[PDB]
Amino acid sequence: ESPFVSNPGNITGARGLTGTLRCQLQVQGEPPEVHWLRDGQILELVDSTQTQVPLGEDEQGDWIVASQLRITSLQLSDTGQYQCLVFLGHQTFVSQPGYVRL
């Protein structure tokens, strides 16, 4: 069952548009890094802001984890299917996708 509480939206518009997509999850224990995927490829080069908030009184309790990806100038190579992915142990979970095109 998915830790993702929310999944990236869609962006759809002109060459040069700036916008954001985000995703959020909730996990038990040490919070994972969030990886942004475009057509199944983890993007190493991104404008991203990741937030971790511990909910319990202890770094081993629950955490909220969010990531925001930003597209500064829309163009063809930014086009695609966007999803967040995390590794919890050896397990993997992918979010519902979002779509960017022109």
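A residue's number is simply how far along the shown sequence it sits, counting from 1.
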Handout entry: Per the entry, higher mean C-alpha B factor between 46-54 and 70-78
Key = 70-78
Fill in the blank from the handout: Comparing 12-20 with 80-88, the higher average Cα temperature factor in the PDB entry belongs to 12-20
Exercise for the section: Name the third of the chain's ranked CA B-factors that contains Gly40, choosing lowest, middle or highest. Expected result: lowest
Problem - Ranked C-alpha temperature factor of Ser95 among modelled chain residues, by third - result: lowest
